[PDB]
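K.L.:
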Amino acid sequence: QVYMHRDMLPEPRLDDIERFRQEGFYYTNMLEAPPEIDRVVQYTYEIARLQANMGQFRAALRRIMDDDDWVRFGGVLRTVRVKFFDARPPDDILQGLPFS
Amino acid sequence: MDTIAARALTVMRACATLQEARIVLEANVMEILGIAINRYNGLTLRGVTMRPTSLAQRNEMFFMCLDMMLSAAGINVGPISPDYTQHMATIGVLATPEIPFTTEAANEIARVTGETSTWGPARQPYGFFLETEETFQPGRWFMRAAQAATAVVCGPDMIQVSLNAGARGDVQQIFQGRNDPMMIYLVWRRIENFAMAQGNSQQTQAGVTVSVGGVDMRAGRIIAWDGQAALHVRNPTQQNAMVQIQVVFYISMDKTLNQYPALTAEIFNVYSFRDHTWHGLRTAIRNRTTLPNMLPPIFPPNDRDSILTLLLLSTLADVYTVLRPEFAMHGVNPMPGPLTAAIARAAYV
Amino acid sequence: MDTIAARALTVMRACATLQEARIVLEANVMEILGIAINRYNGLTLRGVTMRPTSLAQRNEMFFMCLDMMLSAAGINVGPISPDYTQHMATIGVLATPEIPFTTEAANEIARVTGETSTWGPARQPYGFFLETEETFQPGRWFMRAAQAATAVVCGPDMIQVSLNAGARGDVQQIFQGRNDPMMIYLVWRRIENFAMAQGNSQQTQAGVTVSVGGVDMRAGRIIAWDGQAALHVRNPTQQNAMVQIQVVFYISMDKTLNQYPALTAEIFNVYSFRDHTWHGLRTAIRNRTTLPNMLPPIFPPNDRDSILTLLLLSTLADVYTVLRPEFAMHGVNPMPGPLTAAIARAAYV
Amino acid sequence: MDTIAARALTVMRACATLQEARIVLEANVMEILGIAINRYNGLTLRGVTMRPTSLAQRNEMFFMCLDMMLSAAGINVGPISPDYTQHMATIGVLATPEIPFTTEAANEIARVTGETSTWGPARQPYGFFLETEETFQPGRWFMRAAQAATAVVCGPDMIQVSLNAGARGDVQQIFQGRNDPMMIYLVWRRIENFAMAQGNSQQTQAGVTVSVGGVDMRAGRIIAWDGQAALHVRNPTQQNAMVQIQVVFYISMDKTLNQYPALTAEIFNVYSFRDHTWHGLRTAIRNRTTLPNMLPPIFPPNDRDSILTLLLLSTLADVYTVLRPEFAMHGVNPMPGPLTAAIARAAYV
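Chains B, S, J and I, in that order, give the protein sequences. With the first letter of the first sequence counted as 1, position 35 gets the number 736 in the entry's author numbering; the numbers rise by one all the way through. With the first letter of the second sequence counted as 1, position 46 gets the number 46 in the entry's author numbering; the numbers rise by one all the way through. With the first letter of the third sequence counted as 1, position 238 gets the number 238 in the entry's author numbering; the numbers rise by one all the way through. With the first letter of the fourth sequence counted as 1, position 209 gets the number 209 in the entry's author numbering; the numbers rise by one all the way through.
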């Protein structure tokens, strides 16, 4: 369950600071629940591989991102790590991608 | 030029291979799509993929085939969709010797261009005397004024001759003037029990003879008649006689549906419905051609362009099947749910 | 799912390449076989070789193609031989993406599924009025009580209307109610000489007019009739008149033998004898299907499964030919004699 | 031996792909031609190039295909041209195992050899009662002396039985003796209005029955008759009755044009004109065969050799097209003027 979907960083309006006793507005890329299966472009090792070798992967990926659609990278497992931040984490994390 | 068509064919047939998701590509397919998609995306500037999986990628690829299909047929459909827009440079993508084509592709095109440019003998489809205004009751006697032997038509592939006792004569002229046959295959039988001018039953006695260009022919056997030889009938019998001559089939230099291998099946495939999208598309395409936009031409075509187009479209149809593209066209409003022959019937005007 | 079939097909078509033992294979082929046979033997545990020679090896391979063919068709034949036992896992083998499939095989399936799932206009096989109980003598007058114009059938594709002098009327309703045509092609003629109620000859004077939906149509010319328009006949002549209208051919959305290219020839190849071993096999297989176990269906199937099954079988037939397999079958007793058209005729129950 | 044919086929089909000078081909092809052309040149000693451009190069290549096509067919044409000469060595070339053949080629031959060696059920082309000498008027009463039920022919696929009030009888024998059908498909109707001995109109009443092998059958429905079962008609009506039984189609173990996929189209291609050179060539070639040198055989062949030859020629035909061979032939005199349907007609003897 690893997806990509262009998303904004939740910049809220601060009208009642004392009201930020709210959930301190944490963000997190871990999904509450997966997206609607119909709105997801499924990708395979092989599919990604080919598109990339041909030098079309980025393009396609971008298009999907622009269309506000989702893309899942199935087949492979990936070790998953959990980190917490106090502020604006490293770009290599925010805009980090699931491949080299 | 044929080369172009062959390429375009190959490419579509290649995309057809992209059935499901998890699959391994055939060597050739790659060399082809690889090179092709490149030149295409090169002059088209469209984002076609080698292995689509989205829908937009699938559409993109479809549009590519569509562009090539049209280009091969030299068809400029014009403004038919808000989603698709025919790219003209596609023609250039195909004229490049750089895109390879299959053996099959070339042999198929060589076949088309081959026969489509010359003629040949072909078993015609319908009865010889189909384009006749007048017909007579079969078995009923009829002797035209001043004649001892009166031959006339009694069906689409049937003629009957009325002979007076001891009468004889040439019949050929009834056949001549119609079509332009090369060989007419006959078979004559004695009408053993026919109706007379009054309605009374009459027998035709054995011994009556039919001879072609001189030679006497048996009854009930097939005859290779050249249409020019003397079609002579004699009645040595001392009674009235009536004989039927049947055109089992004939051959001419007019194109039939057997001009190109299973052309029929293709045409069926092209004219087949599938869905509103496909339908209206296929229709809108043929409206640039001499072919009936949605109904199997009564008469089999005879020009390269026609045959070609059908073939291309037929393949593009299969491509459409595997790619499951989804887009709009001007004037096409699609209903979701199931299909049913019912809704399909209603589609054809 | 089609993919599985495409693969299954490819494999057999590939095994079909093994004619002699000396020959060098097309690199491409060897590739396919090796992979297939591996993954097959891997889940089946049989000893198939890429290059068979013994017989038992050949049988083994044939059994493989058989297994696949059946798996691809979704057929469980059951205990039909002591030598062959159908291995179910064969389905999973075909599901393995690592196994390739030719472009030809791909397009073939895509065509099958393509048309099978939708409909399309097709030239129907038999005469329009074939399923009629009552027919009338051709050329003989007939006027029903209280009517001035009376139409009636006289053949499988024939009708004739009896008109009183000065009479007129709509005829279409004679066609309607039967089948579900989309376009009926006509050609009407004047019955110049016809029998009267008593038996005396009568003439139809020139002047009669057959119009469709209001427009006047010529005699002896083909007519595109939708089956819904007004089929009106008029007799402005001062004598009785009889006209014969002919349904040369019609088109409906019913599947014909041209739904898929040379389907016919295939069917023949399937239904062909070869030998008792083949025969009984081919039979025992179709027993699991809606298809006639040994005699060509009168009516062309219309479901994927049928068509598919046939194609696979037809191919599996050719495989049989090249491999020359030899094995037993429950209820089958082979006659070693050289085999003649006679011994074959007998085999068909 | 089939292998030899498959090879020759492959090679030609490959040469057919050489539509232009600088075009890029399919991988396999290149390696094949390379192998073939080499081994060919080896025993031939003619200078065939993998990429002909001149004409002489093109002729040489065509000659090669011709040499092969002939060798594969087992034909020896002899001195038919001052430009071409047949190298009997060509067969040794095709016998070389190092030369591969496509999966297609292999299957194409396996099909021919397969069916050509055995028999099978097939929808026959012409009406059942076509080979009859005598025919009776349709709808006219006829009762042979001393008989109560008189079955008689009236068309190529039509019979009509005249029954007396309360009369019954078996009719099967009118069919038997002719051909060797396996299954005859009938459909009987009641002749509602017919002509009597004198000419008066007689009605057939509702109630007449027709039972096969005992079971009663409906009118207007198709019937699978084995030809051996009892075809019994009964007239429990108190009047003279007349029924028409129709052989819509039948199946026998005779070879039809559907024995091998789109055989028809191929034949058309072989028999097509193109030009005098081709014409006379194909002609001269067939003179060594059991086939008509320039006009489609009335009857579909049934021996491997024949079918094979046709295919090889049909292919060699396409090859001729693509290569545009320009050379002389004994007895042929080329008319350079543009060529029309007219000039073509003239060439056919």
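C-beta: ideal position from N, C-alpha, C; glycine also.
1) Going along the chain, which residues of its own chain have a beta-carbon closer than 7 Å to the beta-carbon of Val48 of chain S, five neighbours each way excluded?
2) Hey, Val322 of chain I and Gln86 of chain I are a contact pair by Cβ (cut 8 Å); roughly how many whole angstroms apart?
3) Going along the chain, which residues of the stretch 126–148 of chain I sit with their C-beta nearer than 7 Å to a C-beta in chain J?
4) Below 8 Å on the Cβ atoms is my guess for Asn200 of chain I versus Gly199 of chain J; work out the distance and round it to an integer in Å.
5) The beta strand (DSSP E) spanning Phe136 of chain J covers which residue range?
6) Give me whichever residues DSSP pairs with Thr256 of chain S in a beta bridge.
7) Determine, using beta carbons only, whether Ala265 of chain J comes closer than 9 Å to chain I.
8) Nearest to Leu311 of chain J by alpha carbon, out of J:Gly78, J:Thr96, J:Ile267 and J:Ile251?
9) I'd like to know whether the C-beta atoms of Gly227 of chain S and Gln160 of chain S end up nearer to each other than 9 Å.
10) Skipping 5 residues on each side, what residues in its chain have a beta carbon closer than 6 Å to that of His232 of chain J?
11) Could you pull out every residue in the same chain whose Cβ sits closer than 7 Å to the Cβ of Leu94 of chain J, ignoring the five residues on either side in sequence?
12) Determine the contact status of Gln244 of chain S and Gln205 of chain S, defining contact as a CB-CB distance below 9 Å.
13) Just to confirm my understanding: we take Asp83 of chain I, look at its own chain, exclude 5 residues before and 5 after, and list those with CB closer than 6 Å. What are they?
14) Where do the N-terminal and C-terminal ends of the beta strand (DSSP E) with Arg22 of chain J fall, by residue?
15) Let me know if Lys255 of chain J comes out buried or exposed under the rule of 16 or more other beta-carbons within 10 Å of its beta-carbon.
16) Given this structure, state the Cα-to-Cα distance separating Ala344 of chain J from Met158 of chain J, to the nearest angstrom.
17) State the start and end residues of the unbroken beta strand (DSSP E) segment that holds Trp225 of chain I.
18) I want to verify the contact list: residues of chain S whose CB lies under 9 Å from the CB of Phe299 of chain J, in sequence order.
19) Grab the span of the beta strand (DSSP E) containing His232 of chain S for me, first residue to last.
20) Judging by CA-CA distance, which residue of S:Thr264, S:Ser117, S:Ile23 and S:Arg234 is the nearest neighbour of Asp318 of chain I?
21) Assign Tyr746 of chain B to buried or exposed, taking buried as 16 or more other Cβ atoms, counted over all protein chains shown, within 10 Å of its Cβ.
22) Rounded to the nearest angstrom, what separates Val77 of chain S and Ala106 of chain J at their Cα positions?
23) Please classify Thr103 of chain I: is it buried, with 16 or more other beta-carbons within 10 angstroms of its beta-carbon, or exposed?
24) Classify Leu308 of chain J: buried if its beta carbon has 16 or more other beta carbons within 10 angstroms, exposed otherwise.
25) What residue range does the alpha helix (DSSP H) around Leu312 of chain J cover?
26) Let's see if you can read the secondary structure: which residues bound the alpha helix (DSSP H) around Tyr271 of chain S?
27) Based on Cα-Cα distance, which residue from S:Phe136, S:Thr132, S:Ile191 and S:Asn164 lies nearest to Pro156 of chain I?
28) Where does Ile251 of chain S sit, in a helix, a strand or coil, going by DSSP?
29) Rounded to whole angstroms, what is the Cα-Cα separation between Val152 of chain I and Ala195 of chain S?
30) Helix, strand or coil for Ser81 of chain I per DSSP?
31) Taking C-beta pairs closer than 8 Å, name the residues in chain S that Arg286 of chain I reaches, listed in chain order.
32) Could you tell me the boundaries of the beta strand (DSSP E) in which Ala106 of chain J lies?
33) For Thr340 of chain S, which of helix, strand or coil comes out of DSSP?
34) Do we get a CB-CB distance below 9 Å when we pair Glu737 of chain B with the residues of chain S?
35) Hey, is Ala8 of chain S close to the ligand NAD, as in C-beta under 8 Å from one of its heavy atoms?
36) May I ask you to verify whether the stretch 729–741 of chain B touches the stretch 749–764 of chain B, counting CB pairs closer than 8 Å and requiring at least 3?
P.N.:
Looking at the atomic coordinates:
1) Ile37, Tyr40, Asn41, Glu60, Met61 and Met64
2) That pair is no contact at about 22 Å.
3) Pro138 and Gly139
4) 6 Å
5) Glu134 to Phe136
6) Per DSSP, none; premise fails for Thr256 of chain S.
7) yes
8) Residue nearest to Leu311 of chain J within the set J:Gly78, J:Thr96, J:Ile267 and J:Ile251 is J:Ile267 (criterion: CA-CA distance).
9) no
10) Hits under 6 Å: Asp170 and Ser211.
11) For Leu94 of chain J, same chain residues with a beta-carbon under 7 Å away, outside a window of 5 residues either side, are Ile4, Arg7, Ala8, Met68, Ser71 and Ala72 in chain order.
12) no
13) Cβ within range, chain order: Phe327 and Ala328.
14) Looking at the DSSP string, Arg22 of chain J is not in any beta strand (DSSP E), and its letter there is neither H nor E.
15) Answer is buried; the Cβ neighbour count reaches 16.
16) So the alpha carbons of these two residues sit roughly 39 Å apart.
17) Segment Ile223 to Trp225, the beta strand (DSSP E) holding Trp225 of chain I.
18) None at all; the shortest Cβ gap to chain S is about 16 Å.
19) Its beta strand (DSSP E) spans residues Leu231 to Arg234.
20) S:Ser117
21) Per the 10 Å Cβ criterion, exposed.
22) 29 Å
23) buried
24) buried
25) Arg304 to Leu323
26) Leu263 to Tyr271
27) S:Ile191
28) Here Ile251 of chain S sits in strand by DSSP.
29) When rounded, the distance between both Cα atoms is 16 Å.
30) coil
31) Within chain S, no residue comes near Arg286 of chain I; the closest Cβ sits about 13 Å away, beyond 8 Å.
32) Looking at the DSSP string, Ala106 of chain J is not in any beta strand (DSSP E); the run it does join, the alpha helix (DSSP H), is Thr103 to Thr116.
33) helix
34) no
35) This structure simply doesn't include the ligand NAD, nor any ligand for that matter.
36) No, the stretch 729–741 of chain B does not touch the stretch 749–764 of chain B.
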